[PDB]
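We give C-alpha coordinates for two forms of one protein chain below, kept apart as structure 1 and structure 2.
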Structure 1
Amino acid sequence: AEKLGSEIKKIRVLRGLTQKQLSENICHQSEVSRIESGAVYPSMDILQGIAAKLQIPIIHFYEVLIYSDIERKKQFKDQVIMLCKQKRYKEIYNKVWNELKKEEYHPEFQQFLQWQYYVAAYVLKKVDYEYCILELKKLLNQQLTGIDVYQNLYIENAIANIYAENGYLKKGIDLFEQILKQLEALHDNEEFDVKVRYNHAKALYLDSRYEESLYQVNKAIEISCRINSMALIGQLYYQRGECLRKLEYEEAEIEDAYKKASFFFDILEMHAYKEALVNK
(Lines of atoms letter the chains of each structure in order from A and count residues from 1; the text may use other names and numbers.)
(Lines give C-alpha, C1' and ligand atoms only; values in the text may rest on other atoms or scores of the structure.)
Protein backbone atom coordinates (compact mmCIF):
# COMPACT_ATOMS: atom_id res chain seq x y z
CA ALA A 1 0.00 0.00 0.00
CA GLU A 2 1.85 3.07 -1.28
CA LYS A 3 -1.15 5.38 -0.80
CA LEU A 4 -0.64 5.61 2.99
CA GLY A 5 3.06 6.28 2.41
CA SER A 6 2.71 9.36 0.21
CA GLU A 7 -0.10 10.74 2.35
CA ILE A 8 2.36 10.69 5.25
CA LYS A 9 5.10 12.24 3.08
CA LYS A 10 2.72 14.83 1.66
CA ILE A 11 1.62 15.95 5.13
CA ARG A 12 5.17 15.89 6.55
CA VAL A 13 6.42 18.16 3.75
CA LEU A 14 3.35 20.35 4.23
CA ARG A 15 4.40 20.68 7.88
CA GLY A 16 8.01 21.49 6.99
CA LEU A 17 9.47 18.55 8.95
CA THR A 18 12.12 16.19 7.60
CA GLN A 19 12.15 12.43 8.16
CA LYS A 20 14.64 12.82 11.00
CA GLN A 21 12.44 15.42 12.70
CA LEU A 22 9.32 13.31 12.30
CA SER A 23 11.02 10.14 13.53
CA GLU A 24 12.11 11.69 16.87
CA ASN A 25 11.11 9.71 19.96
CA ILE A 26 9.00 7.54 17.69
CA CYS A 27 11.32 5.47 15.48
CA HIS A 28 14.42 5.55 13.26
CA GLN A 29 14.45 8.00 10.34
CA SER A 30 14.99 5.07 7.94
CA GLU A 31 11.68 3.51 9.05
CA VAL A 32 9.91 6.77 8.20
CA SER A 33 11.59 6.49 4.78
CA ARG A 34 10.32 2.93 4.38
CA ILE A 35 6.83 3.92 5.57
CA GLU A 36 6.63 6.74 2.98
CA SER A 37 7.82 4.47 0.14
CA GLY A 38 5.04 1.97 0.82
CA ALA A 39 7.43 -0.86 1.67
CA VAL A 40 5.99 -1.26 5.12
CA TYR A 41 2.85 -0.93 7.20
CA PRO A 42 3.65 0.83 10.49
CA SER A 43 2.66 -0.58 13.90
CA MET A 44 0.12 1.11 16.18
CA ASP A 45 2.78 2.79 18.34
CA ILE A 46 4.58 4.34 15.35
CA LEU A 47 1.36 5.37 13.54
CA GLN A 48 -0.10 6.89 16.69
CA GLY A 49 3.11 8.89 17.09
CA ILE A 50 3.24 10.06 13.47
CA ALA A 51 -0.45 11.05 13.56
CA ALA A 52 0.04 13.01 16.76
CA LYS A 53 3.11 14.95 15.60
CA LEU A 54 1.44 15.72 12.25
CA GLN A 55 -1.86 16.60 13.97
CA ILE A 56 -3.93 14.19 11.90
CA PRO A 57 -6.93 12.18 13.17
CA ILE A 58 -5.74 8.60 13.03
CA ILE A 59 -8.81 7.42 11.07
CA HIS A 60 -7.42 9.45 8.17
CA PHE A 61 -4.57 7.04 7.60
CA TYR A 62 -6.98 4.15 7.63
CA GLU A 63 -9.35 5.90 5.21
CA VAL A 64 -6.67 6.39 2.56
CA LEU A 65 -5.29 2.90 3.18
CA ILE A 66 -7.07 0.99 0.38
CA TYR A 67 -9.27 3.06 -1.95
CA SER A 68 -8.48 6.24 -3.87
CA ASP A 69 -9.84 9.77 -4.09
CA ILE A 70 -10.89 9.82 -0.42
CA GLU A 71 -11.06 13.61 0.02
CA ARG A 72 -13.34 14.06 -2.97
CA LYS A 73 -15.53 11.14 -1.87
CA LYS A 74 -15.99 12.67 1.57
CA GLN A 75 -17.09 16.06 0.17
CA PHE A 76 -19.43 14.19 -2.16
CA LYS A 77 -20.98 12.34 0.79
CA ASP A 78 -21.44 15.60 2.76
CA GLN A 79 -23.06 17.22 -0.29
CA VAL A 80 -25.56 14.43 -0.77
CA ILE A 81 -26.29 14.50 2.97
CA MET A 82 -26.98 18.23 2.89
CA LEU A 83 -29.23 17.90 -0.18
CA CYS A 84 -31.14 15.00 1.44
CA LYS A 85 -31.68 17.26 4.46
CA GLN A 86 -33.09 19.87 2.13
CA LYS A 87 -35.32 17.27 0.34
CA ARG A 88 -33.64 18.03 -2.98
CA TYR A 89 -34.25 14.55 -4.36
CA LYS A 90 -34.07 15.39 -8.07
CA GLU A 91 -30.53 16.72 -7.67
CA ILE A 92 -29.50 13.81 -5.48
CA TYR A 93 -30.86 11.48 -8.13
CA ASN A 94 -28.82 13.13 -10.91
CA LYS A 95 -25.71 13.77 -8.81
CA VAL A 96 -25.51 10.22 -7.48
CA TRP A 97 -26.41 8.60 -10.81
CA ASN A 98 -23.44 10.36 -12.45
CA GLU A 99 -21.09 9.11 -9.78
CA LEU A 100 -22.59 5.62 -10.01
CA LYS A 101 -21.87 5.22 -13.71
CA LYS A 102 -18.12 5.69 -13.18
CA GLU A 103 -18.37 2.08 -11.96
CA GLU A 104 -15.46 2.51 -9.51
CA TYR A 105 -14.78 -0.28 -7.01
CA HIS A 106 -15.27 0.82 -3.40
CA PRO A 107 -17.99 -1.25 -1.72
CA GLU A 108 -18.82 1.13 1.18
CA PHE A 109 -18.96 4.22 -1.05
CA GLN A 110 -20.91 2.29 -3.72
CA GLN A 111 -23.36 1.20 -1.02
CA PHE A 112 -23.81 4.80 0.08
CA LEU A 113 -24.53 5.88 -3.53
CA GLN A 114 -27.05 3.06 -4.09
CA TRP A 115 -28.83 3.70 -0.77
CA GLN A 116 -29.19 7.39 -1.66
CA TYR A 117 -30.15 6.65 -5.28
CA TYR A 118 -32.97 4.26 -4.34
CA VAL A 119 -34.41 6.60 -1.72
CA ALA A 120 -34.29 9.39 -4.26
CA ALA A 121 -35.88 7.12 -6.88
CA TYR A 122 -38.65 6.20 -4.45
CA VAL A 123 -39.38 9.74 -3.35
CA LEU A 124 -39.52 10.77 -6.99
CA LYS A 125 -42.04 7.99 -7.65
CA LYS A 126 -39.77 6.42 -10.27
CA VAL A 127 -39.98 3.15 -8.35
CA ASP A 128 -42.60 1.71 -6.04
CA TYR A 129 -42.22 1.43 -2.27
CA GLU A 130 -41.96 -2.37 -2.40
CA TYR A 131 -39.11 -2.47 -4.88
CA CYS A 132 -37.22 0.23 -2.99
CA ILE A 133 -37.45 -1.80 0.24
CA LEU A 134 -36.25 -4.99 -1.45
CA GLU A 135 -33.25 -3.20 -2.95
CA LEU A 136 -32.43 -1.63 0.41
CA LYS A 137 -32.66 -5.02 2.16
CA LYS A 138 -30.17 -6.34 -0.39
CA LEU A 139 -27.62 -3.69 0.58
CA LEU A 140 -28.07 -4.93 4.16
CA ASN A 141 -27.61 -8.53 3.08
CA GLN A 142 -24.19 -7.39 1.82
CA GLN A 143 -23.20 -7.42 5.51
CA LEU A 144 -20.79 -4.65 4.58
CA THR A 145 -18.18 -3.73 7.20
CA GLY A 146 -16.70 -0.31 6.40
CA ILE A 147 -15.35 2.81 8.08
CA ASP A 148 -18.74 4.39 8.83
CA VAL A 149 -20.18 1.96 11.38
CA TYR A 150 -23.68 3.53 11.17
CA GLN A 151 -24.40 3.08 7.45
CA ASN A 152 -26.52 -0.11 7.82
CA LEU A 153 -28.55 1.65 10.53
CA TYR A 154 -29.14 4.54 8.14
CA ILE A 155 -30.43 2.06 5.55
CA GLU A 156 -32.70 0.44 8.17
CA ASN A 157 -34.08 3.87 9.00
CA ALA A 158 -34.99 4.45 5.33
CA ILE A 159 -36.63 1.01 5.20
CA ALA A 160 -38.62 1.81 8.37
CA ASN A 161 -39.73 5.20 6.97
CA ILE A 162 -41.03 3.57 3.82
CA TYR A 163 -43.02 0.85 5.62
CA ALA A 164 -44.45 3.58 7.81
CA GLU A 165 -45.61 5.97 5.13
CA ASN A 166 -47.19 3.16 3.10
CA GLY A 167 -49.56 1.89 5.81
CA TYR A 168 -47.27 -0.74 7.40
CA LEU A 169 -47.18 1.06 10.77
CA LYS A 170 -46.57 -2.05 12.84
CA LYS A 171 -43.63 -3.14 10.71
CA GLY A 172 -42.23 0.40 10.71
CA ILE A 173 -42.62 0.95 14.44
CA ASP A 174 -40.99 -2.41 15.21
CA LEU A 175 -38.05 -1.54 12.93
CA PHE A 176 -37.59 1.85 14.62
CA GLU A 177 -37.49 0.13 18.01
CA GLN A 178 -34.84 -2.30 16.69
CA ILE A 179 -32.69 0.63 15.49
CA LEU A 180 -32.85 2.46 18.83
CA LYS A 181 -31.82 -0.83 20.48
CA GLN A 182 -28.88 -1.41 18.14
CA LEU A 183 -27.86 2.20 18.91
CA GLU A 184 -27.69 1.51 22.68
CA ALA A 185 -24.86 -0.87 21.81
CA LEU A 186 -22.92 1.38 19.44
CA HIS A 187 -20.85 4.40 20.33
CA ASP A 188 -22.75 7.67 20.57
CA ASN A 189 -24.31 9.05 17.41
CA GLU A 190 -26.87 11.27 19.08
CA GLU A 191 -27.93 13.21 15.97
CA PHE A 192 -29.00 9.90 14.40
CA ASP A 193 -30.82 8.93 17.62
CA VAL A 194 -32.76 12.19 17.35
CA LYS A 195 -33.63 11.49 13.75
CA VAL A 196 -34.85 7.93 14.45
CA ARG A 197 -36.97 9.11 17.39
CA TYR A 198 -38.53 11.72 15.14
CA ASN A 199 -39.48 9.24 12.41
CA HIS A 200 -40.65 6.83 15.09
CA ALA A 201 -42.76 9.63 16.60
CA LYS A 202 -44.36 10.30 13.21
CA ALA A 203 -45.22 6.59 12.85
CA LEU A 204 -46.67 6.38 16.40
CA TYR A 205 -48.78 9.44 15.60
CA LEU A 206 -50.07 7.89 12.35
CA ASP A 207 -51.03 4.86 14.48
CA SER A 208 -53.01 7.18 16.81
CA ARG A 209 -50.60 6.55 19.72
CA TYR A 210 -50.45 10.21 20.64
CA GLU A 211 -49.01 9.90 24.10
CA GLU A 212 -46.16 7.66 22.98
CA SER A 213 -45.48 9.96 20.04
CA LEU A 214 -45.14 12.97 22.36
CA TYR A 215 -42.90 10.86 24.58
CA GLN A 216 -40.51 10.21 21.71
CA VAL A 217 -40.79 13.85 20.57
CA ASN A 218 -39.92 15.30 23.99
CA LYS A 219 -37.11 12.81 24.45
CA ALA A 220 -35.67 13.87 21.07
CA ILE A 221 -36.06 17.61 21.86
CA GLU A 222 -34.18 17.03 25.13
CA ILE A 223 -31.36 15.24 23.31
CA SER A 224 -31.26 18.02 20.72
CA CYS A 225 -30.90 20.81 23.31
CA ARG A 226 -28.24 18.92 25.26
CA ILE A 227 -26.08 18.43 22.16
CA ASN A 228 -26.95 21.86 20.75
CA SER A 229 -28.36 20.42 17.51
CA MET A 230 -30.84 22.32 15.32
CA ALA A 231 -31.04 19.68 12.62
CA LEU A 232 -34.52 18.35 13.50
CA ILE A 233 -35.56 20.70 16.31
CA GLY A 234 -38.04 22.68 14.19
CA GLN A 235 -39.71 19.47 12.96
CA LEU A 236 -39.83 18.21 16.56
CA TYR A 237 -41.63 21.27 17.90
CA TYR A 238 -44.06 20.97 15.01
CA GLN A 239 -44.63 17.29 15.81
CA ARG A 240 -45.07 18.16 19.48
CA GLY A 241 -47.67 20.75 18.53
CA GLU A 242 -49.44 18.00 16.54
CA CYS A 243 -49.41 15.67 19.56
CA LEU A 244 -50.51 18.43 21.93
CA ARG A 245 -53.51 19.10 19.69
CA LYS A 246 -54.68 15.47 19.66
CA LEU A 247 -54.12 15.14 23.40
CA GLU A 248 -56.32 18.22 23.99
CA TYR A 249 -53.80 20.43 25.80
CA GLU A 250 -54.53 24.08 26.41
CA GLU A 251 -54.49 26.23 23.29
CA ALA A 252 -51.54 28.26 24.55
CA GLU A 253 -49.26 25.24 24.97
CA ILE A 254 -50.24 24.09 21.46
CA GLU A 255 -49.54 27.55 20.00
CA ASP A 256 -46.17 27.68 21.78
CA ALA A 257 -44.92 24.53 20.07
CA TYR A 258 -45.92 25.74 16.60
CA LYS A 259 -44.31 29.16 17.20
CA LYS A 260 -41.05 27.50 18.15
CA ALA A 261 -41.24 25.47 14.91
CA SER A 262 -41.97 28.57 12.83
CA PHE A 263 -38.96 30.24 14.43
CA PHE A 264 -36.59 27.45 13.33
CA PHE A 265 -38.11 27.08 9.87
CA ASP A 266 -37.54 30.81 9.34
CA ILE A 267 -33.93 31.14 10.47
CA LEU A 268 -32.91 27.81 8.89
CA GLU A 269 -34.67 28.88 5.68
CA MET A 270 -36.73 25.66 5.51
CA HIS A 271 -39.17 26.97 2.88
CA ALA A 272 -40.93 23.68 2.09
CA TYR A 273 -41.73 22.99 5.78
CA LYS A 274 -43.33 26.45 6.11
CA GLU A 275 -46.48 25.28 4.30
CA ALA A 276 -47.45 22.75 6.95
CA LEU A 277 -47.84 25.70 9.31
CA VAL A 278 -50.98 27.13 7.68
CA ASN A 279 -53.80 27.76 10.15
CA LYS A 280 -51.90 27.20 13.42
Structure 2
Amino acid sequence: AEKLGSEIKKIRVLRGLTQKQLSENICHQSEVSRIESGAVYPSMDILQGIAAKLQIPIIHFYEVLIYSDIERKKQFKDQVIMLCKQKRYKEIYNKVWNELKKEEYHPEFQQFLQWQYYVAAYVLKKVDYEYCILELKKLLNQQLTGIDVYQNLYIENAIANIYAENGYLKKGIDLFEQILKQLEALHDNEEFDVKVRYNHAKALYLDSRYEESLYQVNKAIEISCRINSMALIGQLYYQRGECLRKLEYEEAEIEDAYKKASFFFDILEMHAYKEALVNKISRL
Protein backbone atom coordinates (compact mmCIF):
# COMPACT_ATOMS: atom_id res chain seq x y z
CA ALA A 1 0.00 0.00 0.00
CA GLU A 2 2.64 2.47 1.20
CA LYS A 3 5.31 1.80 -1.49
CA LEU A 4 3.28 3.33 -4.33
CA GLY A 5 3.23 6.74 -2.60
CA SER A 6 6.84 6.33 -1.35
CA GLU A 7 8.11 5.82 -4.92
CA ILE A 8 5.87 8.72 -5.98
CA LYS A 9 7.74 10.84 -3.36
CA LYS A 10 11.21 9.62 -4.37
CA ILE A 11 10.52 10.39 -8.06
CA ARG A 12 8.48 13.62 -7.96
CA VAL A 13 11.22 15.13 -5.72
CA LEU A 14 13.94 14.18 -8.26
CA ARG A 15 11.77 15.18 -11.28
CA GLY A 16 11.91 18.93 -10.63
CA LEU A 17 8.19 19.84 -10.58
CA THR A 18 6.32 21.02 -7.43
CA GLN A 19 3.92 18.93 -5.26
CA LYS A 20 1.07 21.40 -5.72
CA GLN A 21 1.57 21.41 -9.52
CA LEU A 22 0.85 17.66 -9.27
CA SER A 23 -2.29 18.85 -7.41
CA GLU A 24 -3.72 20.64 -10.43
CA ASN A 25 -4.50 17.46 -12.36
CA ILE A 26 -7.60 15.62 -11.11
CA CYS A 27 -7.55 15.87 -7.30
CA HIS A 28 -7.13 18.15 -4.29
CA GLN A 29 -3.58 18.66 -2.90
CA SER A 30 -4.77 16.48 -0.01
CA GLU A 31 -5.43 13.37 -2.13
CA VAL A 32 -1.85 13.58 -3.47
CA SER A 33 -0.58 13.63 0.12
CA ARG A 34 -2.90 10.77 1.21
CA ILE A 35 -1.60 8.85 -1.84
CA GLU A 36 1.88 10.12 -0.90
CA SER A 37 1.63 8.36 2.48
CA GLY A 38 0.01 5.21 1.03
CA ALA A 39 -3.13 5.99 3.08
CA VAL A 40 -5.21 6.14 -0.09
CA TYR A 41 -4.45 3.81 -2.98
CA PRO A 42 -5.08 6.14 -5.95
CA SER A 43 -7.92 5.31 -8.35
CA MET A 44 -6.82 3.79 -11.66
CA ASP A 45 -7.51 7.02 -13.57
CA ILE A 46 -6.13 9.56 -11.11
CA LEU A 47 -2.89 7.52 -11.16
CA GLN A 48 -2.90 7.68 -14.96
CA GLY A 49 -3.22 11.47 -14.56
CA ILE A 50 -0.22 11.55 -12.20
CA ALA A 51 1.54 9.31 -14.76
CA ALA A 52 1.57 12.39 -16.99
CA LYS A 53 3.53 14.75 -14.71
CA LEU A 54 6.66 12.89 -13.42
CA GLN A 55 7.21 11.73 -16.94
CA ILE A 56 6.89 8.65 -16.39
CA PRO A 57 6.36 5.17 -17.95
CA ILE A 58 3.05 3.63 -16.67
CA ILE A 59 4.39 0.07 -16.16
CA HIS A 60 6.87 1.51 -13.62
CA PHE A 61 4.15 1.79 -10.96
CA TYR A 62 2.73 -1.66 -11.82
CA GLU A 63 6.36 -2.78 -11.71
CA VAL A 64 6.53 -1.16 -8.27
CA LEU A 65 3.21 -2.72 -7.23
CA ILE A 66 4.21 -6.23 -8.34
CA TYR A 67 7.50 -6.31 -6.37
CA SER A 68 5.66 -4.95 -3.32
CA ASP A 69 2.96 -7.59 -3.60
CA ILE A 70 5.44 -10.46 -4.16
CA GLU A 71 7.41 -9.23 -1.14
CA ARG A 72 4.21 -8.80 0.88
CA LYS A 73 3.30 -12.41 0.12
CA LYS A 74 6.81 -13.79 0.54
CA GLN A 75 6.97 -12.05 3.91
CA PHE A 76 3.64 -13.71 4.89
CA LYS A 77 4.77 -17.19 3.82
CA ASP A 78 8.00 -16.53 5.79
CA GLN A 79 5.94 -15.46 8.85
CA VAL A 80 3.67 -18.50 8.50
CA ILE A 81 6.58 -20.90 8.12
CA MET A 82 8.02 -19.28 11.19
CA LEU A 83 5.07 -20.15 13.42
CA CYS A 84 4.86 -23.67 12.09
CA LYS A 85 8.34 -24.22 13.37
CA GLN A 86 7.22 -22.75 16.70
CA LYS A 87 4.11 -24.94 16.65
CA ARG A 88 1.88 -21.81 16.91
CA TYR A 89 -1.19 -23.17 15.22
CA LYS A 90 -3.88 -21.13 16.84
CA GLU A 91 -2.04 -18.17 15.40
CA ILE A 92 -1.56 -19.80 12.07
CA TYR A 93 -5.26 -20.62 11.87
CA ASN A 94 -6.20 -17.05 12.62
CA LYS A 95 -3.65 -15.54 10.33
CA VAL A 96 -4.46 -17.58 7.28
CA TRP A 97 -8.23 -17.38 7.79
CA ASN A 98 -8.06 -13.58 7.91
CA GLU A 99 -5.99 -13.63 4.75
CA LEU A 100 -8.51 -15.93 2.96
CA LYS A 101 -11.31 -13.69 4.25
CA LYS A 102 -10.15 -11.06 1.77
CA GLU A 103 -11.01 -13.58 -0.93
CA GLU A 104 -8.55 -12.05 -3.41
CA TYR A 105 -7.85 -13.87 -6.63
CA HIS A 106 -4.42 -15.53 -6.70
CA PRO A 107 -4.72 -19.33 -7.12
CA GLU A 108 -1.22 -20.33 -5.96
CA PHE A 109 -1.19 -18.07 -2.93
CA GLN A 110 -4.73 -19.20 -2.05
CA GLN A 111 -3.46 -22.76 -2.23
CA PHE A 112 -0.70 -21.94 0.20
CA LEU A 113 -3.33 -20.44 2.55
CA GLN A 114 -5.67 -23.39 2.40
CA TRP A 115 -2.89 -25.88 2.91
CA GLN A 116 -2.00 -24.00 6.13
CA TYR A 117 -5.65 -23.59 7.09
CA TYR A 118 -6.51 -27.30 6.79
CA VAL A 119 -3.36 -28.41 8.54
CA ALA A 120 -3.90 -25.96 11.42
CA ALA A 121 -7.55 -27.07 11.68
CA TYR A 122 -6.19 -30.60 11.96
CA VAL A 123 -3.68 -29.79 14.72
CA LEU A 124 -6.33 -27.71 16.55
CA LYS A 125 -8.82 -30.59 16.49
CA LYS A 126 -11.42 -28.82 14.39
CA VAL A 127 -11.19 -31.52 11.80
CA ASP A 128 -10.65 -35.40 11.48
CA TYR A 129 -7.57 -36.75 9.80
CA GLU A 130 -9.67 -38.33 7.07
CA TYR A 131 -11.28 -34.92 6.46
CA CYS A 132 -8.04 -33.00 6.50
CA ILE A 133 -6.50 -35.37 3.91
CA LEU A 134 -9.48 -35.06 1.58
CA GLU A 135 -9.21 -31.31 1.67
CA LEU A 136 -5.53 -31.47 1.08
CA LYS A 137 -5.99 -33.70 -1.96
CA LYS A 138 -8.44 -31.27 -3.55
CA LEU A 139 -5.44 -28.96 -3.53
CA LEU A 140 -3.08 -31.34 -5.34
CA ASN A 141 -5.75 -31.96 -8.05
CA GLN A 142 -6.26 -28.28 -8.81
CA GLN A 143 -2.92 -29.35 -10.33
CA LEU A 144 -1.55 -25.84 -10.43
CA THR A 145 2.04 -24.89 -10.62
CA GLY A 146 3.09 -21.31 -10.24
CA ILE A 147 6.38 -19.80 -9.08
CA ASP A 148 6.47 -22.52 -6.39
CA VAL A 149 7.18 -25.95 -7.88
CA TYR A 150 7.57 -27.35 -4.34
CA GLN A 151 4.14 -26.39 -3.05
CA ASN A 152 2.36 -29.64 -4.14
CA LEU A 153 5.19 -31.64 -2.66
CA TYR A 154 4.81 -29.67 0.60
CA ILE A 155 1.12 -30.50 0.48
CA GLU A 156 2.10 -34.11 -0.19
CA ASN A 157 4.39 -34.16 2.79
CA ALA A 158 1.56 -33.13 5.05
CA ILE A 159 -0.74 -35.81 3.59
CA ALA A 160 1.89 -38.50 4.25
CA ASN A 161 2.57 -37.31 7.83
CA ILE A 162 -1.09 -37.38 8.76
CA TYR A 163 -1.39 -40.90 7.35
CA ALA A 164 1.80 -42.15 9.05
CA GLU A 165 1.05 -40.67 12.45
CA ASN A 166 -2.53 -42.01 12.31
CA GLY A 167 -1.32 -45.61 11.78
CA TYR A 168 -1.27 -45.77 7.94
CA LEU A 169 2.43 -46.44 7.71
CA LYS A 170 2.44 -48.16 4.33
CA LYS A 171 0.39 -45.38 2.69
CA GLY A 172 2.60 -42.75 4.28
CA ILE A 173 5.75 -44.52 3.16
CA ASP A 174 4.53 -44.94 -0.42
CA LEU A 175 3.77 -41.26 -0.41
CA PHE A 176 7.19 -40.27 1.02
CA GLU A 177 8.62 -42.41 -1.73
CA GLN A 178 6.61 -40.47 -4.35
CA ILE A 179 7.97 -37.17 -2.97
CA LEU A 180 11.64 -38.18 -2.90
CA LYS A 181 11.18 -39.38 -6.41
CA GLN A 182 9.87 -35.97 -7.51
CA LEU A 183 12.70 -34.22 -5.62
CA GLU A 184 15.46 -36.24 -7.31
CA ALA A 185 14.00 -34.69 -10.45
CA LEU A 186 13.53 -31.12 -9.31
CA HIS A 187 15.82 -28.94 -7.23
CA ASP A 188 17.12 -27.52 -5.15
CA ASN A 189 15.52 -26.88 -1.76
CA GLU A 190 17.33 -29.22 0.47
CA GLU A 191 15.83 -28.33 3.85
CA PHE A 192 12.62 -29.88 2.69
CA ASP A 193 14.61 -32.80 1.26
CA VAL A 194 15.91 -33.37 4.75
CA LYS A 195 12.47 -33.00 6.26
CA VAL A 196 10.77 -35.59 4.10
CA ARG A 197 13.64 -37.99 4.63
CA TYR A 198 13.29 -37.50 8.33
CA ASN A 199 9.58 -38.44 8.31
CA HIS A 200 10.17 -41.25 5.90
CA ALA A 201 12.73 -42.68 8.33
CA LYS A 202 10.28 -42.37 11.19
CA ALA A 203 7.60 -44.20 9.28
CA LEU A 204 10.12 -46.81 8.16
CA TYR A 205 11.14 -47.23 11.78
CA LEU A 206 7.60 -47.77 12.96
CA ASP A 207 7.16 -50.40 10.16
CA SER A 208 10.28 -52.19 11.57
CA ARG A 209 12.33 -51.49 8.44
CA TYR A 210 15.27 -50.52 10.51
CA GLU A 211 18.09 -50.57 7.92
CA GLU A 212 15.88 -48.70 5.49
CA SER A 213 15.16 -46.21 8.23
CA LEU A 214 18.82 -45.91 9.11
CA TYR A 215 19.80 -45.48 5.46
CA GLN A 216 17.39 -42.63 5.07
CA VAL A 217 18.57 -41.03 8.33
CA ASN A 218 22.26 -41.13 7.37
CA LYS A 219 21.33 -39.60 4.06
CA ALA A 220 19.41 -36.81 5.73
CA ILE A 221 22.32 -36.07 8.05
CA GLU A 222 24.59 -36.01 5.06
CA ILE A 223 22.33 -33.41 3.42
CA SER A 224 21.93 -31.41 6.60
CA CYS A 225 25.68 -31.06 6.65
CA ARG A 226 26.05 -30.05 3.03
CA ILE A 227 23.49 -27.17 3.24
CA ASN A 228 24.78 -26.25 6.70
CA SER A 229 21.58 -26.80 8.61
CA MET A 230 20.97 -27.80 12.18
CA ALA A 231 17.17 -27.65 11.77
CA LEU A 232 16.54 -31.39 12.29
CA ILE A 233 20.02 -32.80 12.83
CA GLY A 234 19.74 -33.45 16.56
CA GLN A 235 16.65 -35.46 15.99
CA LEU A 236 18.40 -37.17 13.11
CA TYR A 237 21.09 -38.32 15.51
CA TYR A 238 18.32 -39.42 17.91
CA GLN A 239 16.78 -41.46 15.19
CA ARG A 240 20.12 -42.90 14.10
CA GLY A 241 20.60 -44.02 17.72
CA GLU A 242 17.28 -45.77 17.84
CA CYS A 243 18.01 -47.63 14.59
CA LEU A 244 21.45 -48.73 15.61
CA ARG A 245 19.90 -50.05 18.85
CA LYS A 246 17.16 -52.13 17.17
CA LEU A 247 19.87 -53.47 14.82
CA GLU A 248 22.09 -54.00 17.84
CA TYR A 249 25.30 -52.24 16.68
CA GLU A 250 28.12 -51.84 19.25
CA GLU A 251 26.94 -49.94 22.33
CA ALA A 252 29.73 -47.52 21.49
CA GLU A 253 28.37 -46.40 18.11
CA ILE A 254 24.86 -46.30 19.66
CA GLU A 255 25.72 -44.14 22.65
CA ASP A 256 27.86 -42.06 20.30
CA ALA A 257 24.94 -41.06 18.04
CA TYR A 258 23.02 -40.26 21.27
CA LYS A 259 25.57 -37.85 22.83
CA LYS A 260 25.47 -36.08 19.45
CA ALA A 261 21.75 -35.80 19.54
CA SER A 262 22.24 -34.58 23.09
CA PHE A 263 24.78 -31.99 22.03
CA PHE A 264 22.35 -30.52 19.49
CA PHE A 265 19.54 -30.53 21.96
CA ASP A 266 21.43 -28.39 24.51
CA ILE A 267 23.11 -26.22 21.82
CA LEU A 268 19.62 -25.69 20.38
CA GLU A 269 17.93 -25.26 23.77
CA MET A 270 15.42 -27.90 22.67
CA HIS A 271 14.19 -28.76 26.14
CA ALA A 272 11.23 -30.93 25.13
CA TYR A 273 13.43 -33.09 22.85
CA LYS A 274 16.17 -33.05 25.49
CA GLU A 275 13.83 -34.47 28.16
CA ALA A 276 12.88 -37.73 26.40
CA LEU A 277 16.55 -38.40 25.60
CA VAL A 278 17.79 -38.41 29.20
CA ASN A 279 14.84 -40.72 29.96
CA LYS A 280 15.80 -43.42 27.45
CA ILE A 281 19.51 -43.80 28.15
CA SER A 282 18.66 -45.12 31.61
CA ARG A 283 15.31 -46.70 30.69
CA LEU A 284 16.01 -48.89 27.63
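Take the two forms, find the largest set of C-alpha atoms that superpose within 1.5 Å, and that set is the rigid core. Counting starts at 1 and follows the sequence of structure 1.
**Student:** If only one of the two is the form deposited with the DNA bound, which is it?
**Tutor:** Number 1 is right.
**Student:** Rigid core fitted, is the C-alpha displacement of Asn228 between structure 1 and structure 2 2 Å or more?
**Tutor:** For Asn228, whose C-alpha is compared between structure 1 and structure 2 after core superposition, the shift is less than 2 Å.
**Student:** Can you give me the Cα shift for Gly38 between structure 1 and structure 2? Core-superposed, in angstrom, one decimal please.
**Tutor:** Residue shift at the C-alpha: 21.5 Å.
**Student:** With both forms put on the same core, how far apart in Å are the CA positions of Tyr210 between structure 1 and structure 2?
**Tutor:** So the C-alpha of this residue moves 2.4 Å.
**Student:** Once both forms share the same rigid core frame, by what distance in Å has the CA of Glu71 shifted between structure 1 and structure 2?
**Tutor:** Superposing on the rigid core gives a C-alpha shift of 1.7 Å for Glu71.
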